[PDB]
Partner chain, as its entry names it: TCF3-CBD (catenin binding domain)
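Starting off, we have a lone chain in the form deposited without the partner chain, written out as structure tokens.
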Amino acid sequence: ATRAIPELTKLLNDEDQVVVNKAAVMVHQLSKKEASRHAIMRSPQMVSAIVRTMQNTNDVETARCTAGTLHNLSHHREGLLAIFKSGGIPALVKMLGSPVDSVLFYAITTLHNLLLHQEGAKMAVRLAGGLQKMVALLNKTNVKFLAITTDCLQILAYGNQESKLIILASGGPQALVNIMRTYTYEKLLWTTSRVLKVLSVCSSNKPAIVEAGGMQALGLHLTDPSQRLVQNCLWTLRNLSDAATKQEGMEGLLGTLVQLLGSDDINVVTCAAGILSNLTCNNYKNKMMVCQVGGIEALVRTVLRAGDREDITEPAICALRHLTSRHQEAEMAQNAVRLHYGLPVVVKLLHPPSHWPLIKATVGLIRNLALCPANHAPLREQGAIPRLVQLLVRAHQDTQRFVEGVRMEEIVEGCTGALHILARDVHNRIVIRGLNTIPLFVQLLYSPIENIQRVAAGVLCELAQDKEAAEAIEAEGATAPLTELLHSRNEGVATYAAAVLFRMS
């Protein structure tokens, strides 16, 4: 039928008024036979007439039989090159607003095949305004059609901050979140989550996804048997979690993230620890629910199971730090870490091979645990004080003379802050004093960081309640800086500086 394609091509190619309607159904029958379909290609005027008529026609079948062809040329690598040369990409994009469901299914599948195998197709679809046409199609209800459309969006948006911003301006975030809450088709949910994953690293799309209820929507699929859907949801959840602190209705998501901590897959545990750490930051409501569902008990087991892997212990310690301070059941959480055999492993994380991010979080956790008087003794017997003193002395020497994303001033303030709370116990005060820490505490009063002066004067105020320590604080020449610290803009520095001065006299 090749020798015949030159006659057939001239026929439809002809066109005039209705001749066309019928002129197409025949190229559709010719596209159904592969031998004649191969001959349908290679003829530039033919393929260019199929697309040209497709956008001009207005009959009932309009695009169906013509797009029926390009659906079949899209199956051939030669046909994909033919549609690319015919300029069908801008016309196929025009059909993404067509009312007929048949052309919409044929146009989104042809563009999809072009986007996967035809070079330069991603850029041509963008120029035709395809991104906006595809986002507007996300209101359909055919899951097979929605799976093809979202995959085109992921192909176009990945590695393209321009496309991510266009999807945002088109209402993409809200439309993709709706698919998460509505459908159960795994292929559509997985692909939609891949689009949301690509969008979640964009600083402009992340809040919009959060506002659309994406955190709650992604949580609905954390129990799905499809590990690729749960893993993609967790990755997207961790990316958006820093901007979800004002979100409510998180009771179900927070409960599931606690269960996922017991999983055997490291990526699942690593994400769940990171999301819980971010959702509990400055959210006393989230601190309460996580504590109510046994979150302290689960996080201690996770830190115990992890050991050396800092990708798990650093967020899990950060979450444990949030849960043990500044909420109604924080006192129970500080006791819970002890009762679940957590105190030995927490002090262990202060020692090598721990890196500075994990050590910073572990010091902040020890400061919170020390608020519980039942933790004053076991933290001492585990050796928390001598190690915290060594970390403080070393970090102060580095200050006087950003190591892995941590400024040493934060280690100085954290270690002095933890020692300030531990100094409430009288036996800890003997250990702190025996390490000759007063000369450094006095030196820390001169620090430019007000928060360092606050914990320095506070720990000196706790020690000065014993006569031997108050006399030693005076001999260190601490009367001079504490006098200047009485005029501190910080209310805590001035009050602590007055407490040491009163005890010295």
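Numbering follows the first chain given and starts at 1. Throughout, rigid core stands for the largest set of C-alpha atoms superposing within 1.5 Å between the two forms.
This next part talks about the form deposited with the partner chain bound, which is not shown.
Could you work out which of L81, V201, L304, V431 is the residue within 4.5 angstroms of the partner chain in the bound PDB entry, going by heavy atoms? Result of the distance check: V201.
From the list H396, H221, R380, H420, which entry has a heavy atom within 4.5 Å of the partner chain in the bound PDB entry? Only one listed residue qualifies here, and that residue is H420.
Quick check for you: of 250-258, 345-353, 167-175, 112-120, which stretch puts a non-hydrogen atom within 4.5 Å of the partner chain in the bound PDB entry? Result for this chain: 112-120.
When the contact criterion is heavy atoms within 4.5 Å, does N139 count as touching the partner chain in the bound PDB entry? No.
How about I155: is it within 4.5 Å of the partner chain in the bound PDB entry, going by heavy atoms? Yes, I155 lies within 4.5 Å of the partner chain in the bound PDB entry.
Any non-hydrogen atom of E409 within 4.5 angstroms of the partner chain in the bound PDB entry: Yes, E409 sits close enough to the partner chain in the bound PDB entry that at least one of its heavy atoms falls within 4.5 Å.
Given that the partner is absent here, does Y183 sit within 4.5 Å of the partner chain in the bound PDB entry, heavy atoms only? Result no; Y183 lies far from the partner chain in the bound PDB entry.
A494 C-alpha moves between this form and the one not shown by 2 Å or more, core aligned: Comparing forms between this form and the one not shown, the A494 CA shifts below 2 Å.
Residue shift check between this form and the one not shown, rigid core fit, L12 Cα at least 2 Å: Yes.
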